Each structure stands twice: as C-alpha cells, then as structure tokens.
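Two forms of a single protein chain come next, each set out by itself as structure tokens; they are called structure 1 and structure 2.
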Structure 1
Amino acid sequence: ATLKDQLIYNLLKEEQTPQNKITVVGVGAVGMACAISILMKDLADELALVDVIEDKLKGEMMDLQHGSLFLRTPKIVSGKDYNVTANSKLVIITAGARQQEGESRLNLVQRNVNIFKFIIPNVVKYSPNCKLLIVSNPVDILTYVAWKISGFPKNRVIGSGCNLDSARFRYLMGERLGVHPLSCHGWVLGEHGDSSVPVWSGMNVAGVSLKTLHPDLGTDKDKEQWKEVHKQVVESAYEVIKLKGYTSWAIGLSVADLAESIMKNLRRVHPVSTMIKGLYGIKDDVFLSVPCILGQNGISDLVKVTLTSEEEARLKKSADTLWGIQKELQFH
C-alpha cells in the first residue's frame, strides 16, 4: 500500500515526449550562464545538460535541480550520453577544445572540428528537427563546422555571432548618452572579434541619426573618438577575462535572448552568424554576422543593411581570412 499510491490515484500512463526542450552542451561558465538565464526566463519545460566531465555535470544538474521550487521548468536532466537530449527544439553548443600554449590557430580549430565530428552527429541523431545555436569560439568558423557536419539547412544553424557585441555597443553608447541601452540603437556586424564592423550610419536614438548630427562620427578626425566605443567592444572579453578569469553572465543573457525569439517564434532582428555566400560579393562558404529574423524555424529572413564601400571591404576580408582557415580543415 505504498504511500504514493494511498495519496495519489493515477489516471494515465502516457510517456512525456516533451514540448519545449532545450539542451545545453558543455557545463562551463558560459554553458551554465546560458542554463540559469534560460531557466529564469521560463523558456523551456525540460532542460538537458551534456558534457564529458561526468562528476562536474552531475554537480551542476543537482544544484539547479535543488532550486526547482523557485523555477517553472519541471524537468532537468543530464548525461554524457546524448539520448538525454532527445527531441530538443533548441540545442546550444558551448563545447570546445581548450587552448594549448604554443598552439597555432588552425590547430585549435581543427581540434574543435574533431570534437564536433562527435557532438554534432549525436545531436542530430536525437533531435533531427532542432535548431543549432553555436556559441563555441571561434564562432563564425565553428558555425560553418556544425553546418557542414550536421547537414541541416542554413536556417537551422545559427551562431551567437555579434549578438553580444551589439549588446556591449549599446550599453556603452547608453552610458555616454545617459539613456537606457534599449533606447540606444546600433549594430556590430561581420566577424565576431577584432574585425567586427560598427555600422555608424545606423546609430540612432528615437530615429535621430547620430551620424547625421555628428558627421565625423566613427572616423579618425572625430574629436569625441566614438571609435573607442568600438575598441572597447572588441577589447571587452579580454579585459573581463584579465579581471575575473572568464566571461559568463553577459554571454548567458545574450544567448537566452536568442532562445526567447526562437522558442516563442517572435520574429525579432538579432545580429547573428549566418551563411552569406551571395551577399556583399562574398563568394565563399562563410558565416558572418548580419541582422536576422529569428523564429521557430531559426533564421527565416535576414536584413540587407546598406553598407559603404569601406564597410563592405571589411566584411569581404573577414570572409577571405575565415575561408583561408576553413579550407585547411579535415572532416574525414
């Protein structure tokens, strides 16, 4: 006469093939920041955590599990084996190779490719219809890798791209103008990293172009040196790592926001990393960050931003560089 049976009359066996499942792969600082941000935004009804560090994984699962009372996400699960990711709508990849000391860039990427050779086909094995959000760096290359390896079409392979950079850019713009980042508008596009392009033309508060008001905006002869806002944006992770060891919170919140649009089919515009063969004269299979319309089918549409000859040329060289690295990769 077990106590559960005395208390509760069961009415229904049925399995629970879950309806709004998100999986996070990799439980480091970035991964778990993505996890807590997702849980606290009530975006998913089952969350799956996957890593190879078995004891650390289990710790992070239990710790979240213990906060269940303060959450609205009834099922939290974890494991090294990818069957715990089955039927995910969205799979967020934070996993990668850790940096070796004298290691060439290619080699770092190659070793990420070797890891993705194992992860990605396990992810598609269990969630054939999911969306892949790649966070792992270098993100515009690793999004190409997940694309190639998965074979998913381009709308369901998304890189976190410059989504965060644009966030930092707005924060900083805000703190100059004394106005909330929500009301300060501006776009960092192209390659996530040192070569990202701050589109000055597009910066506005309430539709009032900063570029028109201050024509020297973004340039050398700019006496307010607004390019330092960009320099800050690019330097930002470095300085944060220099200070606290890693970064986590910002990238967590940023990925949670991309998930919001996807999981709730919002059709919001985010600058994320997407295939752009065809656009800006770029002829290579290369992912770059461009404002995209995000929804239940991933990237459904993208926004053709008017770019200058100068800004177009930046994007083209980012692609040249990326391809140069991408064509020395080994997938077999």
Structure 2
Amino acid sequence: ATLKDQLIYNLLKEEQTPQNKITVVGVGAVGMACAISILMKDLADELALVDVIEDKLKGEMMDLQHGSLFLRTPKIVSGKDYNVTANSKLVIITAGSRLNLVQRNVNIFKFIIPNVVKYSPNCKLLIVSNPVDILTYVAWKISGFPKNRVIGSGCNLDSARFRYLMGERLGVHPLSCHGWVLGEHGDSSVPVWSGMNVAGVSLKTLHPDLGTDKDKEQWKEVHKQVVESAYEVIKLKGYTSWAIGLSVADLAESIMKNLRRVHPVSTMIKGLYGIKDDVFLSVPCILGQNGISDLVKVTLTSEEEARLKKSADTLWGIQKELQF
C-alpha cells in the first residue's frame, strides 16, 4: 500500500463536472489581469486558460498554480485544445487598413468561437478584444447564441475611468460619483450628462451648462480626459491591463453570482434610438446568470441620440463587408 492509501481512506472516486467554471481565451496582458482578478475575487471553482503560444501559456498556468495556497480556486488548467474549456459558465475572449484589422481579429474569431460553443454550448460570452463593438457582433453571428448570452465589455472601462476622474475633481470616492458613458467604446463614446450625480443630486440640474461648450468650469473635459488618459497609459507603459482586468472581474461577479446589477456593456441595440441595423452598442444592462436579462432605457438628448445613430451607421458600414 502507498503513502496516499496508508494516510487517506477513499469513500468515492465519482468526480463531477465543474460547477462554476470560467475560461479566459488569450493569455496576454489583458487575459492575465482578468485571470488574477477573477482568482482573487473567488468567482470560479475552475479556471481554464487558452492561447496559441504554448510555452507562455504553460508558464502562466504554472505561475498561477504555484499561488494556490493563497487562493480558493482548486483547479487551474490550460491548453491549445479547447477540450480544457468544457462546461464553462463564462468565456472571456481577450485574444488579438482598419476593415482589414477588423478582419484580422474576425478570422481569429472564425476559429475561436466555434471551438468555444462546441465545448460550452450553454456559456455566456464576454468579449474584450477590440474593436469590441464589431467583435461582439462577430461572436454573436458565428456562435448562433441568443443576444442575452453575448456580452461586450464596451463602455465599462470608459465609465470606470470617468467616475475616477469625477471623484478626483469632487474629492469623493468613485463609488459615490455616478456617471454613464454610453454608445461606441473608445474615442466616439457618449457621456450622458443628465445622469451625472452625487447622492441623487443631478449636476446638470445645478449647472445647466454641464458638458456644453459654453460651460465656464468646462465639465466636458472630464470626458475628454478619459480619451486622453487611455492614450497616455499606452504612451507611458505600452498597454493597459489592471483597470480592464478589474472591470471584467466586476462583470464576471454579477454573472457568476446572479446579482442583477446594472453595468454599461455592449448589447444588440437594434430597435432603440432609431437603429434598425444589427449593431452592438453600450447601454446600461442588468447582469445575471442568463447574461443580459434586461436593459435600461436611457433618455437621451437629440445630440446624444444623433451621435449613437452615427456610430451605428459607421459600425454597420464595416460589418456589411465582412466574410463569414
């Protein structure tokens, strides 16, 4: 008899399928930051990692496994083959001319998405890879999943950055500074000035010129500084990781724990704000065990509405010319 048999008496060997499994596809700076944030928040009983670079994939898995003593995630697996991702509740995609840069990530998705749906037909897909709004659509089209199970990170990072900048200007914690950046993720995002508040006190009600070019204090600059901070981080360190990883982990917690919290995420915006094309844009969504179960119908000004419609037309102009 072995030491294991001399020390431990086994009652049953009958192993079960993972109950709260998360898969992260792409183990770059974003993927690894999502991985550590998820592990530290104790959201999964199993974590699966996938990439094309075999050596860095094995190294990253081993480095996470060596930290098991300080974690509450008993199983960390990795592999090039998607059989390691079987029965995942949530799949996070962070793998990465502009129409050709869209097609560059599109042909990458032509392989990933069918391999993901094959082993986890009932999962929720969380898209992080850029252009997030186009690639969420691509993931939705290739998977054949209903709209609720295909979620784009969208304006989650934009809103988090906005609330941080809002907090700094008012000397208040970002948790107490409410503000929504919607529509197209990145440069063309829309700050919803009417909803910007502290303790239910509307900033536009107190300051009617809020976000307008004629505002003396220039509060519009809070949104400008979101765009500019993103370029600054890239210029200074070459990439963004911690902020995105923490925001993705926040989305994952709502999904995994079925919290039904409202988050600014990219969803099929068809039928809203005069949009008829199959486009994904950020609106506040209620997140839970079925993914996007509901969405908040935000009252937008004519100007905000026009910006959303223009973004939709631009995204459908690229999407129209895509090979599947």
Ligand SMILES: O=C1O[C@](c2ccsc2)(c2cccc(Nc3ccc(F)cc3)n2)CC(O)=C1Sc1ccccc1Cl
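Throughout, rigid core stands for the largest set of C-alpha atoms superposing within 1.5 Å between the two forms. Numbers follow structure 1, counted from its first residue as 1.
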Report the structure number, 1 or 2, for the form deposited with this ligand bound. 2
May I ask for the C-alpha shift of residue 16 between the two structures, in Å, based on superposition of the rigid core? 2.5
Core-aligned Cα shift of residue 225 between the two structures, given in Å: 1.1
After aligning on the rigid core, report the distance the C-alpha of residue 185 travels between the two structures, in angstrom. 0.2
